[PDB]
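Notes follow the structure.
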Amino acid sequence: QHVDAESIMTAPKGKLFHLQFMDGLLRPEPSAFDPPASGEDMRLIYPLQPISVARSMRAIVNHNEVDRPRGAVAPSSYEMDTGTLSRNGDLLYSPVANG
Amino acid sequence: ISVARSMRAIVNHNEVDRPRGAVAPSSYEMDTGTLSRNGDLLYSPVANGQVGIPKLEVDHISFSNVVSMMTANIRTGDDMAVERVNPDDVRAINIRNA
Amino acid sequence: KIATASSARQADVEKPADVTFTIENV
Amino acid sequence: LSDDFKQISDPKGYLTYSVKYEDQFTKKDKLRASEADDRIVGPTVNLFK
Amino acid sequence: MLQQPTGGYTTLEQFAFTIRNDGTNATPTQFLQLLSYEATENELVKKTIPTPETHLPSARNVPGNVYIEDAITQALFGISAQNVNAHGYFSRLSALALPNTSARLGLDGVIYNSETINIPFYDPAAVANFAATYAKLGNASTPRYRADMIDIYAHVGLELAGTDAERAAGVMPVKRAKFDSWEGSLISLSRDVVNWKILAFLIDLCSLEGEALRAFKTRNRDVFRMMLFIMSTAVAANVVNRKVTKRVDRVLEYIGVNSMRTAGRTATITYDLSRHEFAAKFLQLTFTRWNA
Amino acid sequence: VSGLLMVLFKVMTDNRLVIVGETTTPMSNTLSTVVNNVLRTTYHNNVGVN
Amino acid sequence: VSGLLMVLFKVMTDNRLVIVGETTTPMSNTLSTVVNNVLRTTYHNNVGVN
């Protein structure tokens, strides 16, 4: 999808805009022999707030075969905690320490 | 005559005895040690103290070795290409000075 | 049935390296 | 009896994982789990490939 | 929270820095013994390092646990590190620089935004001190704030190659480093250096004062010199082998001269221009702190 | 905002009652130890992901 | 004797450069312990004999 600056300045209030934002982290390095770019890719639209709130994980590939890529996101520990039922029935995370 | 022979009589006398004249494989056939500090193949050290003998130093055959290799094809297909750009005037070229 | 003898030798498999288009790392 | 509840098996959550792939990445080595470990671990692994 | 020892975090054996010497573990100092230098005609005069910009990147809140240690070590020593100038990590870093922040820098080198009691972490005053300078790595890319990528390396040479007379003098001949060496000696050395928890080092460099800090610079000079060594191999104009009496001697030319090489090679790790900006900025801050 | 109400509503009215579905009881030897340490005898044939 | 020269020649001129072929990464549990002690994570699908 695309959004001209005109539309961003003139879209009615209360309409939900649907912006798109690339995660460029999984972009493999350019061939050594690709021609140089004389020009410059540019950008206008940015979020004011974090967008990736829904994101559990990111860049499930290896930098090298052993390093993590910069900006890679491991799953949160609580995604895997499956503790126990409370004395009354309610769900709980496992105790953090023995006490 | 049997210089080429690695092994012999791969069957059991009884179910547990070896047949007389049976030949087990030489240990070096299985040694697959390491690369030397410079790159060359070696047998494992014999004892804890001594360094491992180069495989090429001695007359044994070793049928396991560490082969270095690329992880994928080196012909990616991104062949180098250039922009040749000719002299503007053939008369103006400075042939001179080395 | 008559007793018999046979031979074997390990097969060659040395292909030219495959041209994959996939890459494993970023 | 009153139909107070909707008895069901193998429940669906309110939340689910979604996942976007850049298909050009693929590990060359091919992992071989036992069929059982594939039966359990597998649906996870196909998703987070 | 791990309370800092009076000598700094690096006194703890948990943070010992070590490198394999043809595969056997060794202190950095005993590797630096191997180096030897053929001087050439050219000179390296050390210029004064410009004082770093006061402006920290804005302490914007960001999702996830940022891994600051791996980020720094990869951008300085990793094989083709990527997105080294991405702003988010240093946004969280400057968040650590705030007087009463909730964020913690664990010994893992990760920046957890929770007060997560389960994972031990450095004393917050110390990391406040540390981020207070190193968040400036966030402006490694911005045109206003770019560090010199050339003259700064003169200092690198002095702190690595330079004899005590040359160091007090501030000038040394451009040198050609060399050592008895194994295959992939430079790469593997970098692989060992990359696993270093340099956060302990930088935090001690920023938090220690007076006699403790002086003792730190003396005790850790060889460590710093190893990181400097890895950078110099990333920027050395040429790196080659010299067979001599059935012993290869690796040669790097030249120490103290950034070639601005960007294209990758077999012999050593390589800096793309973004890595150049990053390392140059890093050295600006780290040398500014080292010379105080 | 409307969506949120109809989420909340659809949750306030969620009267599903779980019944055990098809299960399997892998023998310990079939599983790699890391999986056997997680598995607790039986489990649903429709494992989700995690 | 001619054979030996053409062996030596054919070896002096052996410019093969190895590339990793198809591989497998067996899980430890699948292998009998004696094999797992020899195997080092991945291995070529075309193991030779030994």
Highest GNM mean-square fluctuation, chain B, Cα pairs closer than 10 Å: which of B:85, B:66, B:46? B:85
Between helix D:35-47 and chain D, what is the angle of the helix's C-alpha long axis to the longest principal axis, kept within 0 to 90° and rounded to the nearest 10? 90
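What chymotrypsin sites (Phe, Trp or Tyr not before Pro) does the stretch D:7-47 have in DSSP loop regions with at most 14 other beta carbons within 10 Å? Please list the in-between numbers first.
Working: sites: D:14, D:17, D:21, D:25; in loops: D:14, D:17, D:21.
Listed in order of number, the matching sites are D:14, D:21.
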Copy-to-copy spacing for residue G:21, label 7 Å out on the Cα-to-C-beta vector, in nm, shortest first? 4.2
Loop-resident sites, the stretch B:4-83, for chymotrypsin sites (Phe, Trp or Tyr not before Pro), counting at most 16 other Cβ within 10 Å (DSSP): B:63
Cα coordinate range in chain B, projected on the principal axes (Å, largest first): 96, 34, 30
Name the long-range amide H neighbours of residue E:259: under 5 Å, sequence gap of 5 or more, or other chain; modelled H, no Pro or chain starts. E:237
State the residue of chain F whose Cβ is nearest the axis carrying F onto G, and the distance in whole angstrom. F:29, 5
Out of residues 5 or more away from residue E:248 or on other chains, whose amide H comes under 5 Å of its own, with H placed 1.01 Å from N in the peptide plane? E:181
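Taking the inverse of the average 1/r across all pairs of different Cα atoms in chain E, what Kirkwood radius in Å do you get?
Working: mean 1/r = 0.0514 Å⁻¹.
Its Kirkwood hydrodynamic radius stands at 19.5 Å.
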Residue-by-residue Karplus 3J(HN,Hα) for the stretch E:227-238, coefficients 6.51, -1.76, 1.60, Hz, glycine and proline x: 4, 4, 5, 5, 5, 4, 5, 5, 10, 4, 4, 8
With a cut-off of 8 Å between alpha carbons and a minimum separation of six or more residues, what is the relative contact order of chain B in percent? 18
For the cross-link pairs D:28/E:136; E:136/E:175; E:246/G:10; E:217/E:281; E:217/E:243, which exceed 29 Å when the distance is taken from alpha carbon to alpha carbon? D:28/E:136; E:136/E:175; E:217/E:243
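Partner chain Cβ atoms within 10 Å, averaged over the residues of B:68-74 - can you pull that number for me? Write out the running numbers ahead of the final one.
Values: counts 3, 7, 5, 9, 10, 7, 3.
That average works out to 6.
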Per-residue mean of C-beta atoms belonging to partner chains within 10 Å, peptide E:73-86: 4
Residue-by-residue Karplus 3J(HN,Hα) for the stretch B:51-68, coefficients 6.51, -1.76, 1.60, Hz, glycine and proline x: 6, x, 5, x, 5, 7, 5, 10, 8, 6, 9, 10, 9, 8, 8, 8, 8, 5
Which values, in whole Å and largest first, are the semi-axes of the equivalent ellipsoid of the stretch A:34-99 obtained as the square root of 5 times each eigenvalue of the Cα gyration tensor? 42, 19, 9
Expressed as an acute angle from 0 to 90° and rounded to the nearest 10, what is the orientation of the C-alpha long axis of helix F:2-12 relative to the principal long axis of chain F? 60
Report, by chain and number, residues whose modeled amide H sits under 5 Å from the one on residue D:25, excluding near sequence neighbours (fewer than 5 apart, same chain). C:23
Evaluate 2.2 N^0.38 Å with N set to the residue count of chain D, then give the Cα radius of gyration divided by it. 1.82
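By its C-alpha gyration tensor, with a ≥ b ≥ c as the square roots of the eigenvalues, how is the stretch E:188-292 shaped: rounded for a/c under 1.5, else prolate for a/b larger than b/c, else oblate? Display every interim value, and only then the final one.
Numbers: a/c = 2.40, a/b = 1.65, b/c = 1.45.
Cα axes put the stretch E:188-292 in the prolate bin.
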With θ set to phi - 60°, apply the Karplus curve 6.51 cos²θ - 1.76 cosθ + 1.60 along the stretch F:45-50 and write out the HN-Hα couplings as whole Hz, x wherever there is a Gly or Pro. 4, 8, 4, x, 9, 7
Counting other Cβ atoms within 10 Å of each Cβ, which chymotrypsin sites (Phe, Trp or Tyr not before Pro) in chain A have at most 14 and sit in a DSSP loop? A:17, A:21, A:33, A:93
Cα gyration tensor shape for the protein assembly as shown, rounded if a/c is under 1.5, else prolate or oblate: oblate
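D for chain G, whole µm²/s, Stokes-Einstein with Kirkwood Rh over alpha-carbon pairs at 37 °C and 0.692 mPa s: what number? Working shown, then result.
On the way: Rh = 14.1 Å.
The calculation lands on 233 µm²/s.
Read the figures in this text as sums done on the coordinates, not as results from a lab. Positions of Cβ are generated from backbone atoms using ideal geometry, with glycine treated the same way; all protein chains shown enter the neighbour counts.
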